[PDB]
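Here's the structure we're looking at; comments come further down.
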Amino acid sequence: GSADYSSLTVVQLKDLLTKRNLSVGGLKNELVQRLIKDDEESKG
């Protein structure tokens, strides 16, 4: 009922990815997919 990257504004998606040593390349949805796809995969 909250999630994170789910749908931040392109400014936040770029902000977390910028600080994540990983930027977001693509449209707003691509940004959303980059954070969630990168977040779902990267996780011990």
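By order of appearance in the structure tokens: chains A, B, ..., then residues from 1 within every chain, and ligands from 1 in the order shown.
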Inset, instruction - Extract, using only C-alpha atoms, all DNA, RNA and protein residues at most 9 Å from range 6-10 of chain A, discarding same-chain residues fewer than 2 positions from it, and format them as number ranges by chain. - result: A: 2-4, 12-15, 24, 27-29, 31-33, 35-36
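The residues of chain A that DSSP classifies as alpha helix (DSSP H), using the backbone of this structure, are residues 10, 11, 12, 13, 14, 15, 16, 17, 18, 19, 28, 29, 30, 31, 32, 33, 34, 35, 36, 37, 38, 39, 40 and 41 of chain A.
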Inset, instruction - Calculate how many Å separate CA of residue 26 in chain A from CA of residue 39 in chain A, rounding to one decimal. - result: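 Answer for the CA of residue 26 in chain A to CA of residue 39 in chain A separation: 16.2 Å.
Here CA of residue 11 in chain A and CA of residue 44 in chain A stand 27.3 Å from one another.
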